[PDB]
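File shown: entry_39.csv. Contents: CSV, C-alpha atoms.
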chain,number,residue,atom,x,y,z
F,41,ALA,CA,-15.9,46.4,68.8
F,42,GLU,CA,-15.1,42.6,68.8
F,43,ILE,CA,-11.7,43.1,67.1
F,44,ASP,CA,-9.6,46.2,67.3
F,45,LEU,CA,-8.5,47.6,64.0
F,46,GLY,CA,-6.2,50.6,63.7
F,47,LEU,CA,-8.9,53.2,63.1
F,48,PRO,CA,-8.6,57.0,62.7
F,49,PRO,CA,-11.1,59.3,64.3
F,50,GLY,CA,-14.1,59.4,62.0
F,51,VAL,CA,-14.1,55.7,61.2
F,52,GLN,CA,-16.6,53.6,63.2
F,53,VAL,CA,-17.6,50.0,62.3
F,54,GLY,CA,-21.0,50.8,60.8
F,55,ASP,CA,-19.4,53.1,58.2
F,56,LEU,CA,-16.8,50.5,57.5
F,57,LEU,CA,-19.2,47.6,56.6
F,58,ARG,CA,-21.6,50.0,54.8
F,59,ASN,CA,-18.5,50.8,52.7
F,60,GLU,CA,-18.2,47.1,51.8
F,61,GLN,CA,-21.9,46.9,50.7
F,62,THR,CA,-21.5,49.9,48.4
F,63,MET,CA,-18.1,48.8,47.1
F,64,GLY,CA,-19.7,45.5,46.0
F,65,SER,CA,-22.6,47.1,44.3
F,66,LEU,CA,-20.4,49.7,42.5
F,67,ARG,CA,-17.9,47.0,41.6
F,68,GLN,CA,-20.7,45.4,39.6
F,69,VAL,CA,-21.5,48.8,38.1
F,70,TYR,CA,-17.9,49.2,37.0
F,71,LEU,CA,-17.8,45.8,35.3
F,72,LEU,CA,-21.0,46.8,33.5
F,73,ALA,CA,-19.4,50.1,32.5
F,74,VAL,CA,-16.2,48.6,30.9
F,75,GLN,CA,-18.4,46.0,29.2
F,76,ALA,CA,-20.7,48.6,27.7
F,77,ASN,CA,-17.6,50.6,26.6
F,78,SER,CA,-15.9,47.7,24.9
F,79,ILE,CA,-19.1,47.0,23.0
F,80,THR,CA,-19.5,50.6,22.1
F,81,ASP,CA,-15.9,50.6,20.8
F,82,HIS,CA,-16.7,47.6,18.5
F,83,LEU,CA,-19.7,49.6,17.4
F,84,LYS,CA,-17.4,52.5,16.6
F,85,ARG,CA,-15.3,50.2,14.5
F,86,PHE,CA,-18.4,48.8,12.5
F,87,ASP,CA,-19.9,52.2,12.0
F,88,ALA,CA,-16.6,53.6,10.9
F,89,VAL,CA,-15.5,50.8,8.6
F,90,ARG,CA,-18.0,51.7,5.9
F,91,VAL,CA,-17.8,49.6,2.7
F,92,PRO,CA,-21.1,47.6,2.9
F,93,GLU,CA,-22.8,46.6,-0.4
F,94,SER,CA,-24.7,43.3,-0.3
F,95,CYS,CA,-23.0,42.1,2.8
F,96,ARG,CA,-24.9,45.0,4.5
F,97,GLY,CA,-27.7,42.9,6.1
F,98,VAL,CA,-25.2,40.8,8.0
F,99,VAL,CA,-23.4,43.9,9.2
F,100,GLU,CA,-26.6,45.7,10.2
F,101,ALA,CA,-27.8,42.7,12.2
F,102,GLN,CA,-24.4,42.5,14.0
F,103,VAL,CA,-24.7,46.1,14.9
F,104,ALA,CA,-28.3,45.4,16.0
F,105,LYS,CA,-27.1,42.6,18.3
F,106,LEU,CA,-24.3,44.8,19.8
F,107,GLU,CA,-26.6,47.8,20.3
F,108,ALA,CA,-29.2,45.5,21.8
F,109,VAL,CA,-26.8,43.9,24.4
F,110,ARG,CA,-25.5,47.4,25.3
F,111,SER,CA,-29.0,48.7,25.9
F,112,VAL,CA,-29.6,45.8,28.4
F,113,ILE,CA,-26.3,46.7,30.1
F,114,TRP,CA,-27.0,50.4,30.6
F,115,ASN,CA,-30.5,49.5,31.8
F,116,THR,CA,-29.0,47.1,34.3
F,117,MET,CA,-26.8,49.9,35.6
F,118,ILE,CA,-29.9,52.1,36.0
F,119,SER,CA,-31.8,49.3,37.7
F,120,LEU,CA,-29.2,48.9,40.5
F,121,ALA,CA,-28.7,52.7,40.7
F,122,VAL,CA,-32.3,53.0,41.8
F,123,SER,CA,-31.9,50.1,44.2
F,124,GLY,CA,-29.0,51.9,45.9
F,125,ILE,CA,-31.3,54.9,46.0
F,126,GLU,CA,-33.8,52.7,47.9
F,127,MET,CA,-31.3,51.8,50.6
F,128,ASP,CA,-30.8,55.5,51.5
F,129,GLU,CA,-33.0,57.4,53.9
F,130,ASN,CA,-33.3,60.7,52.1
F,131,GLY,CA,-34.3,59.3,48.7
E,20,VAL,CA,-10.6,43.7,50.6
E,21,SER,CA,-11.4,47.5,50.8
E,22,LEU,CA,-11.5,48.2,54.5
E,23,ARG,CA,-8.9,50.9,54.0
E,24,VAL,CA,-9.1,54.4,55.3
E,25,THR,CA,-7.1,56.9,53.4
E,26,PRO,CA,-6.1,60.5,54.4
E,27,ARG,CA,-7.3,63.1,52.0
E,28,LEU,CA,-7.2,66.9,51.8
E,29,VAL,CA,-3.9,67.4,53.5
E,30,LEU,CA,-2.9,71.0,54.1
E,31,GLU,CA,-0.6,72.7,56.6
E,32,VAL,CA,-2.1,75.3,58.9
E,33,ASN,CA,-0.7,78.6,60.3
E,34,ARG,CA,-2.0,81.1,62.7
E,35,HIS,CA,-0.5,84.6,63.4
E,36,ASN,CA,-2.7,86.2,66.1
E,37,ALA,CA,-5.9,84.5,65.2
E,38,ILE,CA,-5.3,85.1,61.4
E,39,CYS,CA,-5.3,81.7,59.9
E,40,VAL,CA,-4.1,80.2,56.6
E,41,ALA,CA,-4.2,76.6,55.3
E,42,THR,CA,-1.7,76.1,52.4
E,43,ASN,CA,-0.5,73.2,50.4
E,44,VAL,CA,3.1,72.2,50.9
E,45,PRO,CA,5.1,73.8,48.0
E,46,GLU,CA,6.6,71.7,45.3
E,47,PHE,CA,10.2,70.6,46.1
E,48,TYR,CA,11.2,69.2,42.7
E,49,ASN,CA,12.5,70.3,39.3
E,50,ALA,CA,10.8,70.2,35.9
E,51,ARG,CA,12.2,66.7,35.2
E,52,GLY,CA,11.1,65.3,38.6
E,53,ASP,CA,14.0,65.3,41.0
E,54,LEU,CA,12.7,65.5,44.6
E,55,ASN,CA,14.6,68.1,46.7
E,56,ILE,CA,14.8,66.2,50.0
E,57,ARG,CA,17.1,68.8,51.5
E,58,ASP,CA,14.7,71.7,51.1
E,59,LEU,CA,11.7,69.5,52.0
E,60,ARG,CA,13.3,68.4,55.3
E,61,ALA,CA,14.3,71.9,56.1
E,62,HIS,CA,10.7,73.1,55.5
E,63,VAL,CA,9.5,70.4,57.9
E,64,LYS,CA,12.0,71.2,60.5
E,65,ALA,CA,11.2,74.9,60.2
E,66,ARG,CA,7.4,74.2,60.6
E,67,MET,CA,8.1,72.2,63.8
E,68,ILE,CA,10.3,74.8,65.5
E,69,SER,CA,7.7,77.4,64.5
E,70,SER,CA,5.0,78.6,66.9
E,71,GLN,CA,2.4,79.8,64.4
E,72,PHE,CA,2.3,76.1,63.2
E,73,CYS,CA,-0.8,74.2,64.3
E,74,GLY,CA,-0.4,71.2,62.0
E,75,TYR,CA,-1.6,69.4,58.9
E,76,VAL,CA,-5.4,69.5,58.6
E,77,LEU,CA,-6.4,66.1,57.1
E,78,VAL,CA,-9.6,64.1,56.6
E,79,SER,CA,-10.1,60.3,56.6
E,80,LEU,CA,-12.1,59.0,53.7
E,81,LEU,CA,-13.4,55.5,52.9
E,82,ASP,CA,-13.1,54.2,49.3
E,83,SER,CA,-16.9,54.4,48.6
E,84,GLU,CA,-17.1,58.0,49.8
E,85,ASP,CA,-14.5,59.7,47.5
E,86,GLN,CA,-16.2,60.5,44.1
E,87,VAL,CA,-13.3,62.5,42.7
E,88,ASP,CA,-15.3,65.8,42.8
E,89,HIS,CA,-18.2,64.9,45.1
E,90,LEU,CA,-18.6,63.3,48.5
E,91,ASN,CA,-20.9,60.5,49.4
E,92,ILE,CA,-20.6,61.3,53.1
E,93,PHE,CA,-22.8,63.2,55.5
E,94,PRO,CA,-21.5,66.5,56.8
E,95,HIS,CA,-21.5,65.5,60.5
E,96,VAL,CA,-19.5,62.3,59.7
E,97,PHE,CA,-17.1,64.3,57.5
E,98,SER,CA,-16.5,66.6,60.5
E,99,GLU,CA,-15.8,63.6,62.7
E,100,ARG,CA,-13.2,62.5,60.2
E,101,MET,CA,-11.2,65.8,59.8
E,102,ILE,CA,-8.4,66.3,62.3
E,103,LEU,CA,-5.6,68.8,63.1
E,104,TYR,CA,-2.3,66.9,63.2
E,105,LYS,CA,0.9,68.0,64.9
E,106,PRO,CA,2.9,64.8,65.7
E,107,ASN,CA,5.9,64.9,68.1
E,108,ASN,CA,7.9,63.2,65.3
E,109,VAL,CA,9.8,64.6,62.4
E,110,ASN,CA,9.3,61.8,60.0
E,111,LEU,CA,5.5,61.6,60.3
E,112,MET,CA,5.5,65.4,59.9
E,113,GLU,CA,7.4,65.0,56.6
E,114,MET,CA,5.0,62.2,55.5
E,115,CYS,CA,2.0,64.4,55.9
E,116,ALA,CA,4.0,67.0,54.0
E,117,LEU,CA,4.5,64.6,51.1
E,118,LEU,CA,0.8,63.8,51.2
E,119,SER,CA,0.1,67.5,50.8
E,120,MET,CA,2.6,67.6,47.9
E,121,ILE,CA,1.1,64.6,46.1
E,122,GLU,CA,-2.5,65.9,46.3
E,123,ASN,CA,-1.5,69.4,45.0
E,124,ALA,CA,1.1,68.3,42.4
E,125,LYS,CA,0.1,69.9,39.2
E,126,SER,CA,1.1,67.2,36.8
E,127,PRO,CA,3.8,64.9,38.2
E,128,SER,CA,5.9,62.7,36.1
E,129,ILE,CA,6.1,59.1,37.2
E,130,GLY,CA,9.7,59.9,38.0
E,131,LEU,CA,8.6,62.2,40.8
E,132,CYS,CA,6.1,59.5,41.9
E,133,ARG,CA,8.7,56.8,42.2
E,134,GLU,CA,11.0,59.1,44.1
E,135,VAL,CA,8.2,60.1,46.4
E,136,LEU,CA,7.2,56.6,47.2
E,137,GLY,CA,10.9,55.9,47.7
E,138,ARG,CA,11.3,58.7,50.2
E,139,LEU,CA,8.1,57.6,51.8
E,140,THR,CA,9.1,54.0,52.4
E,141,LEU,CA,12.4,55.4,53.7
E,142,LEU,CA,10.5,57.6,56.3
E,143,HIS,CA,8.1,54.7,57.2
E,144,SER,CA,11.0,52.4,57.9
E,145,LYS,CA,12.2,55.0,60.4
E,146,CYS,CA,8.9,55.1,62.3
E,147,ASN,CA,7.0,51.9,63.3
E,148,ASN,CA,3.7,53.4,64.2
E,149,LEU,CA,0.1,53.1,63.3
E,150,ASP,CA,0.4,56.6,62.0
E,151,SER,CA,3.2,55.8,59.7
E,152,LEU,CA,1.5,52.7,58.4
E,153,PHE,CA,-1.5,54.9,57.8
E,154,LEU,CA,0.3,57.8,56.2
E,155,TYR,CA,2.2,55.4,54.0
E,156,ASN,CA,-0.5,53.2,52.7
E,157,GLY,CA,-2.7,56.2,51.9
E,158,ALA,CA,0.1,58.2,50.3
E,159,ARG,CA,1.0,55.3,48.1
E,160,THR,CA,-2.7,55.0,47.3
E,161,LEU,CA,-2.9,58.7,46.3
E,162,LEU,CA,0.2,58.1,44.2
E,163,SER,CA,-1.2,55.1,42.5
E,164,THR,CA,-4.5,56.8,41.8
E,165,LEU,CA,-2.5,59.6,40.1
E,166,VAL,CA,-0.6,57.1,37.8
E,167,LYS,CA,-3.4,54.8,36.9
E,168,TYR,CA,-5.7,57.7,36.1
E,169,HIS,CA,-3.1,59.7,34.0
E,170,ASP,CA,-1.4,56.7,32.3
E,171,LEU,CA,2.0,57.4,33.8
E,172,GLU,CA,3.0,53.7,33.8
E,173,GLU,CA,2.7,53.5,30.0
E,175,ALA,CA,6.4,50.2,30.2
E,176,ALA,CA,4.5,46.9,30.8
E,177,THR,CA,5.8,45.1,33.8
E,178,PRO,CA,3.9,46.2,37.0
E,179,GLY,CA,5.4,48.8,39.3
E,180,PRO,CA,4.8,48.8,43.0
E,181,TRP,CA,1.5,50.7,42.8
E,182,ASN,CA,-2.0,49.5,43.6
E,183,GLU,CA,-5.4,50.2,42.2
E,184,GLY,CA,-5.9,53.6,43.8
E,185,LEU,CA,-9.1,55.1,45.0
E,186,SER,CA,-11.8,52.8,43.5
E,187,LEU,CA,-14.3,55.3,42.3
E,188,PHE,CA,-11.5,57.1,40.4
E,189,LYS,CA,-11.6,54.1,38.1
E,190,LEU,CA,-15.4,54.6,37.7
E,191,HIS,CA,-14.9,58.3,37.1
E,192,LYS,CA,-12.4,57.6,34.4
E,193,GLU,CA,-14.5,54.9,32.8
E,194,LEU,CA,-17.6,56.9,32.5
E,195,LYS,CA,-15.9,59.8,30.7
E,196,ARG,CA,-15.1,57.3,27.9
E,197,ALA,CA,-18.8,56.4,27.3
E,198,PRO,CA,-21.2,57.8,24.6
E,199,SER,CA,-21.9,61.4,25.5
E,200,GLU,CA,-25.6,60.4,25.8
E,201,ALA,CA,-25.1,57.8,28.6
E,202,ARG,CA,-22.0,59.4,30.2
E,203,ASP,CA,-24.0,62.3,31.5
E,204,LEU,CA,-26.7,60.2,33.2
E,205,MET,CA,-24.3,57.7,34.7
E,206,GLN,CA,-22.2,60.5,36.2
E,207,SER,CA,-25.4,62.0,37.6
E,208,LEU,CA,-26.4,58.6,39.1
E,209,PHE,CA,-23.1,57.2,40.6
E,210,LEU,CA,-20.6,60.0,41.2
E,211,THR,CA,-22.6,63.1,42.2
E,212,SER,CA,-23.7,62.6,45.8
E,213,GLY,CA,-25.9,65.5,46.9
E,214,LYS,CA,-25.2,64.8,50.6
E,215,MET,CA,-22.4,67.3,51.0
E,216,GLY,CA,-24.3,70.0,49.0
E,217,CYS,CA,-23.3,72.5,46.4
E,218,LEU,CA,-19.9,73.5,45.1
E,219,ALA,CA,-18.7,77.1,45.1
E,220,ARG,CA,-17.4,78.7,41.9
E,221,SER,CA,-14.0,79.6,43.3
E,222,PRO,CA,-13.2,78.6,46.9
E,223,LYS,CA,-11.1,81.7,47.7
E,224,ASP,CA,-14.1,84.1,47.2
E,225,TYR,CA,-16.4,81.8,49.2
E,226,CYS,CA,-13.8,82.1,52.1
E,227,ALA,CA,-13.6,85.8,51.7
E,228,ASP,CA,-17.3,86.3,52.3
E,229,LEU,CA,-17.1,83.4,54.7
E,230,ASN,CA,-14.9,86.0,56.5
E,231,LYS,CA,-17.3,88.9,55.9
E,232,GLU,CA,-20.1,87.1,57.7
E,233,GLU,CA,-18.2,86.1,60.9
E,234,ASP,CA,-15.8,88.9,61.6
E,235,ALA,CA,-17.4,91.2,64.2
E,236,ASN,CA,-17.2,89.0,67.2
E,237,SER,CA,-14.1,87.1,65.8
E,238,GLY,CA,-11.0,88.6,64.5
E,239,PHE,CA,-10.5,85.2,63.1
E,240,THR,CA,-9.7,85.2,59.3
E,241,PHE,CA,-9.3,81.9,57.4
E,242,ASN,CA,-7.6,81.8,54.0
E,243,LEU,CA,-7.0,78.8,51.8
E,244,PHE,CA,-4.2,78.1,49.3
E,245,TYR,CA,-4.2,74.9,47.3
E,246,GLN,CA,-3.2,73.9,43.8
E,247,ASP,CA,-6.1,72.8,41.6
E,248,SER,CA,-5.7,69.1,40.9
E,249,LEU,CA,-7.6,65.8,40.3
E,250,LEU,CA,-6.9,65.2,44.1
E,251,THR,CA,-8.1,68.6,45.4
E,252,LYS,CA,-11.5,68.9,43.7
E,253,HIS,CA,-13.2,68.7,47.1
E,254,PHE,CA,-11.9,72.1,48.0
E,255,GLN,CA,-14.7,73.3,45.8
E,256,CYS,CA,-17.4,71.9,48.1
E,257,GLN,CA,-18.8,74.6,50.3
E,258,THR,CA,-19.6,72.3,53.2
E,259,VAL,CA,-16.0,71.2,52.9
E,260,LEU,CA,-14.7,74.7,53.1
E,261,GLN,CA,-17.0,75.5,56.1
E,262,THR,CA,-15.8,72.4,58.0
E,263,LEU,CA,-12.2,73.2,57.1
E,264,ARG,CA,-12.4,76.8,58.4
E,265,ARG,CA,-14.0,75.5,61.6
E,266,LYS,CA,-11.4,72.8,62.2
E,267,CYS,CA,-8.4,75.1,61.4
E,268,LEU,CA,-9.7,78.0,63.6
E,269,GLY,CA,-10.4,76.1,66.8
E,270,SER,CA,-11.0,72.5,67.8
E,271,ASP,CA,-7.8,70.8,69.0
E,272,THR,CA,-4.6,69.1,67.8
E,273,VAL,CA,-3.6,65.5,68.1
E,274,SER,CA,0.0,64.2,68.4
E,275,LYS,CA,-1.2,60.8,67.3
E,276,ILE,CA,-3.8,59.9,64.7
E,277,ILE,CA,-4.2,56.3,65.8
E,278,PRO,CA,-2.9,56.2,69.4
Please express the file's structure as C-alpha cells.
Amino acid sequence: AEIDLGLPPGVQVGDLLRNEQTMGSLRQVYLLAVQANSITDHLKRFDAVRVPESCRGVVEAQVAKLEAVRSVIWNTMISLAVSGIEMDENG
Amino acid sequence: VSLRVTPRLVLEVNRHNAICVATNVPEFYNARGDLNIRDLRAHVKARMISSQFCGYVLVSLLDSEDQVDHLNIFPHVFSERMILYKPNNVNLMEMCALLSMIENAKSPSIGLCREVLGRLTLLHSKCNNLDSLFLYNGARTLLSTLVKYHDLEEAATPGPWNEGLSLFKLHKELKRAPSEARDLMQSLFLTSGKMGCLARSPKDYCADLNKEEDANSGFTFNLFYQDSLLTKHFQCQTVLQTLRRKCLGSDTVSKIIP
C-alpha cells in the first residue's frame, strides 16, 4: 500500500477500510440500542409502579410518549439494517 | 480507531503419523485464580522440544467480523486469515498458549485475568516483535471482552482493560431488550449467513468429516475445546472444515508479521 502497517496474513487494505465503514454504522446501531433500552427500563418502572387514580391520564400520556420515541428508535435501527443489506452483493 | 486485528480461535495442534488433534491449552490455575506459571512454561517448553508439535492454529479477525457466535466474513477470506504458528521463540509460544487459555477458560475470575495480563506484559517486554505486539494487544482484548461482558470489574476505578471486541457489546445489549425486539435485532445485526450453518456438536461433525475423507487419506482430525463465550465459532461447520484443512496440511510460519 502507501503506508506499511503491521498486518497478519489475511488482512488486506480493502477489508480494513470496509471494517471502518461497518464499525461506524453499527456504532450508531449500538447507541440506538442502549437508548431504546433505557427508555424501555423507564417504561418498566412506570408500568410496575401501579397506583394511578385520577393522575392516570398524565401517566398514560407519559407512557405514550416513551413508547412512541422507542418505536421511532427501533424503526431507525431497522432502516439502517436494510441499508447495510443494500451495500452487500448477495442481498 | 478500530483498525485492530485480533487473533481468535487459538488451539495447539499435534500430529502422530498423520493422525491429528487440535486442543485447547489446559488450565494452569487453581479455583481461586492463581496462575501456575511453572507448569505453563514447562508445557510450552515440552511442546517446543516435541516433534509431533505443528503449532498453534489461529485466525485473524477484524472487529466488525466477530459476532460472538456468527461470522460476518466470507469463507475464502477466513481461510486466508487462518495460519499455523510455530515461532522459533519460547515467549511468543507461551503468549499463544495464554491466548488459547483465555479463549477456553470456563469462567475466569478477574484475579486470573489480572495475573494473565501481568504474565503477558512480562512476556511481551521480553520480545520486541510485531508478533509480540500483536499477541499482546489481542490477548488483552480477549481478556477485556471477558471482563466487560461478565461484569468482573464490579470496584469503580478503571483497570487497565479496553472495550473488547465491539460487537460483543452489541451482543450483550440486545439480550437486554424486550423479547419482541431482541429476536429481530439479533437476526438483523449478529447472524451473518455468510459462513453458513452451525453444527449441533462439533465433535460429531468432525467424526463424519473423518468418515467422508478416510479412504485415500489416513488423516484423522479431532478437536478438543472448552465451550465458552470466546469459542462459539467452533460450532460453525465452515469453520471446522477450514480448521481441519489448515491443521492437516498447508504450512507453518515462524513469524506471523515478518
Which protein, DNA or RNA residues are at most 10 Å from (-23.1, 52.5, 52.9) in the file's coordinates when you count all atoms listed in the file, listed as a count of residues only?
17
Define the interface residues of chain E facing chain F as those within 10 Å, counting all atoms listed in the file, and report them as a ChimeraX atom specification.
/E:20-26,78-84,92,95-102,149-150,152-153,186-187,189-191,193-194,196-198,201-202,204-205,208-209,214,275-278
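What separates CA of residue 145 (chain E) from CA of residue 104 (chain E) is a distance of 19.0 Å.
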Would you pick out the contacts of region 83-91 of chain F at 8 Å or less, using only C-alpha atoms, so that residues sharing its chain but fewer than 5 positions from it are not included, and give the list as a PyMOL selection string?
chain F and resi 99+103+106-107
Best match for closeness to residue 253 (chain E) among E:135, E:63, E:30, E:87, counting all atoms listed in the file:
E:87
Set the distance at 7 Å and use all atoms listed in the file: which residues neighbour region 31-48 of chain E once local chain neighbours fewer than 3 positions away are removed? I'd like the list as a list in words.
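Here the answer would be residues 52, 53, 54, 55, 58, 59, 71, 72, 73, 74, 75, 76, 116, 119, 120, 123, 238, 239, 240, 241, 242, 243, 244, 245, 267 and 268 of chain E.
One finds CA of residue 117 (chain E) at 14.0 Å from CA of residue 165 (chain E).
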Do you know which residues are at most 12 Å from residue 220 (chain E) counting all atoms listed in the file, after dropping those on the same chain fewer than 4 positions away, and could you put them as a VMD selection string?
chain E and resid 224 to 226 252 254 to 257
Let me see the file: selected residues, C-alpha atoms, as an mmCIF file, in the coordinates of the input.
data_model
loop_
_atom_site.group_PDB
_atom_site.id
_atom_site.type_symbol
_atom_site.label_atom_id
_atom_site.label_comp_id
_atom_site.auth_asym_id
_atom_site.auth_seq_id
_atom_site.Cartn_x
_atom_site.Cartn_y
_atom_site.Cartn_z
ATOM 1 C CA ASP E 224 -14.100 84.100 47.200
ATOM 2 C CA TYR E 225 -16.400 81.800 49.200
ATOM 3 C CA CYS E 226 -13.800 82.100 52.100
ATOM 4 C CA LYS E 252 -11.500 68.900 43.700
ATOM 5 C CA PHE E 254 -11.900 72.100 48.000
ATOM 6 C CA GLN E 255 -14.700 73.300 45.800
ATOM 7 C CA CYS E 256 -17.400 71.900 48.100
ATOM 8 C CA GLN E 257 -18.800 74.600 50.300
#
Box dimensions and centre (Å, one decimal) enclosing region 109-125 of chain F, axis-aligned, 3 Å extra per side, as AutoDock Vina command-line options:
--center_x -28.9 --center_y 49.4 --center_z 35.2 --size_x 12.8 --size_y 17.0 --size_z 27.6
Could you check how far CA of residue 105 (chain F) sits from CA of residue 93 (chain F), in Å to one decimal?
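So the two atoms, CA of residue 105 (chain F) and CA of residue 93 (chain F), lie 19.6 Å apart.
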